[PDB]
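A.B. asks: first chunk of the complex, coordinates as they sit in the assembly:
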Amino acid sequence: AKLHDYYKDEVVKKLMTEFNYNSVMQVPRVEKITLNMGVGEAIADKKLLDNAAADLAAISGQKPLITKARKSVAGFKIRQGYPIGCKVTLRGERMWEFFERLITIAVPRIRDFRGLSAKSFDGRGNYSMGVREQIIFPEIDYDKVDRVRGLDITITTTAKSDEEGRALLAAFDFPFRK
Amino acid sequence: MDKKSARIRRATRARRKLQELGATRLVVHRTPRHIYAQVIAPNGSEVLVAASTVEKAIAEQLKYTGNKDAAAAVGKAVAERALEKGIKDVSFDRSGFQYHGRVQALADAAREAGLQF
Amino acid sequence: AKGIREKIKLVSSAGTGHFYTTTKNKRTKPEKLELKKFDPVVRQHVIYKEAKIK
């Protein structure tokens, strides 16, 4: 709800006024949020990636893709073509609704702030909050005494520098141990 | 952005075939506020006859200049102008577009208005 | 003779006496071929059947 409505009126004027952009539309915008568990654990057992997707879906708000391996050699020699990761990808209303369940709920329910002290960005203006465990789930009876697994929160922006890019995000207010 | 890069790659697969077979091309182009068509001579010489949504003879009466009903208007005009110059035996060039909505409506409307492929 | 992949006969499913000959990997999948092909005797395309068996 409120995030895209807030970005529209406030974050576009704020960034325009602080950075004096050449034309208003050149304010940085929010480009897709991709989430992603990655493997978690356990290639071999080959059940758990299908359980990982069914956990991830609830807080994604869409089915996970189930990414499979490229040529691979890391913590095991995965070869190529095995199932491995998870992957989501959001934009528009789905992302703006998501970005409100982040920030409002999920971040204040992380106890020690592994989710954000100081954290730094890519080479241009994209960022990646690797959350440690389990956040919140839809209506009721959230906990089923599961098997942990955090996830990458890779949020993306159209922005030209990481110094500029953190004026964005911060205009929606960003963490209390930051 | 990068879909002018992508479109031209899709096009060239078919388009090289038609000029290499030596056949007259009904080439289409799409843009979200304009729909464009030309019949081009087989060897890239004269464009034999064309219709767009920026000529007045099409433009004045149509609700939008970039929708399927506006595509039907361009197909309807263009075929009969090609027959008046005596052109038939033309082959379709989908120019890196899908054969889908405005383009499909146009290509059917072009044959139905008269054009014999 | 050749490989471990082996020769089968694909028999026309029209009652006419005609076949194509072809090799098929029995070990990896022995799930017998259907497949449609020309039969010159009925002079039309017909399903072929089987794999050198009764």
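C.D. replies: Received it, and whenever you're ready, just let me know what you need. Numbers count the residues shown, from 1 in each chain, chains lettered A, B, ... in the order given.

A.B. asks: Could you use CA atoms for every contact and neighbour count after this?
C.D. replies: Noted.

A.B. asks: what's around residue A:115, how many residues?
C.D. replies: When neighbours are counted by other C-alpha atoms under 10 Å in any protein chain shown, residue A:115 registers 21.

A.B. asks: quick one: it and residue B:82, what's the gap?
C.D. replies: 67 Å (C-alpha to C-alpha, to the nearest Å).

A.B. asks: likewise residue B:50?
C.D. replies: Using C-alpha to C-alpha, residue B:50 is found at 8 Å from residue B:82.

A.B. asks: likewise residue A:168?
C.D. replies: 56 Å.

A.B. asks: On the three-state scheme, residue B:36 is what?
C.D. replies: Counting by DSSP: H, G, I helix; E, B strand; the rest coil, the backbone at residue B:36 sits in strand.

A.B. asks: coming back round to it: residue A:168 and residue B:82: which is more packed in?
C.D. replies: Each of residue A:168 and residue B:82 has its neighbours counted (other C-alpha under 10 Å); residue A:168 has more, 25 against 20.

A.B. asks: Verify the contact between that one and residue A:13 for me.
C.D. replies: No: using C-alpha atoms under 8 Å, residue A:168 is not in contact with residue A:13, being 11.6 Å away.

A.B. asks: Please name the bridge partners of residue A:157.
C.D. replies: Beta bridges link residue A:157 to residue A:30, judged by DSSP bridges.

A.B. asks: if we can go back for a sec, what's the overlap in contacts for residue B:50 and residue B:82?
C.D. replies: Contact criterion C-alpha atoms under 8 Å, 6 or more residues apart in numbering or on different chains; residues shared by residue B:50 and residue B:82: residue B:39.

A.B. asks: Chain D should join the structure above:
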Amino acid sequence: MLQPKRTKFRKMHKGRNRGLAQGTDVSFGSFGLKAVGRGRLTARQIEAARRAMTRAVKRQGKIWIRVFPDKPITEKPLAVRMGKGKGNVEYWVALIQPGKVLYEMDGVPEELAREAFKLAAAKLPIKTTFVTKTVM
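C.D. replies: Alright, chain D goes in next:
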């Protein structure tokens, strides 16, 4: 004995040493020794010469070697009937053509440098002549 550390191939055609070579002019050091006659240089000779200058010039200067021996040259075993396949690789050869500069130095006096190349050149297998850098 220098040799390439790894090559694409292990044995090689005899070839001709026909032409005249690219490094006609001294250009790192001030002056140097050029091959005048053509010939082959056996890696051991390039070594024997590097040592000779090092015994002569001592702890002054810098010595640069431009030629590098890299054509493998084969020898049949002792006492073997002809033509049971191509010989084993024995020693590495640089093919020197006329005008190829072999060695350069700088950081040393001219009179010492003329003497240093006399010692080295006596160990080489071609006639050789002292060469000076020059402006163009």
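
A.B. asks: what's next to stretch B:19-33, contact-wise?
C.D. replies: B:18, B:35-43, B:64-67, B:89-95, B:97, B:103.

A.B. asks: If we use 6 Å, what do you get?
C.D. replies: B:36-42, B:65-66, B:90-93 (C-alpha atoms under 6 Å, 6 or more residues apart in numbering or on different chains).

A.B. asks: Can you point out the buried residues in that stretch?
C.D. replies: Buried residues in stretch B:19-33, counted by 16 or more other C-alpha atoms under 10 Å in any protein chain shown: B:23-30.

A.B. asks: which stretches of chain A form helices?
C.D. replies: A:2-6, A:12-19, A:48-60, A:92-104, A:162-165 (DSSP state H).

A.B. asks: looking at those helices, which is closest to residue C:54?
C.D. replies: Nearest to residue C:54, of all those, is helix A:48-60, at 44.4 Å by C-alpha to C-alpha.

A.B. asks: and the angle for that closest one with helix A:92-104?
C.D. replies: When axes from the mean of the first three to the mean of the last three C-alpha atoms, to 10 degrees is applied, the directions of helix A:48-60 and helix A:92-104 differ by 90 degrees.

A.B. asks: Report all helices and strands that helix A:48-60 contacts.
C.D. replies: Contact partners of helix A:48-60 among helices and strands, from 3 or more C-alpha pairs under 6 Å, 6 or more residues apart in numbering or on different chains; DSSP states H and E: none.

A.B. asks: Contacts only, for residue D:87.
C.D. replies: Applying C-alpha under 6 Å, 6+ apart to residue D:87 gives the contacts D:74-76.

A.B. asks: and chain E, same structure:
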Amino acid sequence: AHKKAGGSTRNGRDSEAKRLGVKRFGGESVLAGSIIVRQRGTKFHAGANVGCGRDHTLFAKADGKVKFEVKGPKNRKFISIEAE
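C.D. replies: Same chains as before, plus chain E:
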């Protein structure tokens, strides 16, 4: 004595098959035209020399004389024939 230096990995020799006959300035209908196999790059095909078999023999597709061109982006060489 008669001392021995032994066999080898040798060579197994070649073959012979590599290309054996381009043709020029002819008049036949479907002459082989350029049997430069193993390519479609060394030569490419256009006009009535749209041949280009499933070995890249660039046979003439109607009667003529072979022009040879170098054409377009990437500068490929093309066989096309002038009709006789």
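
A.B. asks: again for the buried residues of stretch B:19-33, chain E present now?
C.D. replies: Buried residues in stretch B:19-33, counted by 16+ other C-alpha under 10 Å: B:19, B:23-30.

A.B. asks: Go through those and say which is closest to chain D.
C.D. replies: Closest approach to chain D among the buried residues of stretch B:19-33 (C-alpha to the nearest C-alpha): residue B:19, at 47.0 Å.

A.B. asks: Now do the buried residues in the host helix or strand of the closest one.
C.D. replies: Assessed by DSSP states H and E, residue B:19 sits inside helix B:3-21. By neighbour count with 16+ other C-alpha under 10 Å, helix B:3-21 contains the buried residues B:15, B:18-19.

A.B. asks: Over to stretch A:60-71?
C.D. replies: Those would be A:60, A:63-64, A:66-67, for stretch A:60-71 by 16+ other C-alpha under 10 Å.

A.B. asks: again, but for stretch D:23-40
C.D. replies: Here stretch D:23-40 shows D:23-26, D:29-36, D:38-40 as buried, counting by 16+ other C-alpha under 10 Å.

A.B. asks: Same question for stretch B:87-104.
C.D. replies: B:87-88, B:90-96, B:102-104.

A.B. asks: Distance to chain E and secondary structure for those residues - can I get that in TSV?
C.D. replies: Compiled in TSV, the buried residues of stretch B:87-104 are given as follows (distance: C-alpha to the nearest C-alpha, whole Å; DSSP: H, G, I helix; E, B strand; the rest coil):
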residue	distance to chain E	secondary structure
B:87	23	coil
B:88	22	coil
B:90	19	strand
B:91	18	strand
B:92	21	strand
B:93	20	strand
B:94	22	coil
B:95	19	coil
B:96	20	coil
B:102	32	helix
B:103	30	helix
B:104	31	helix
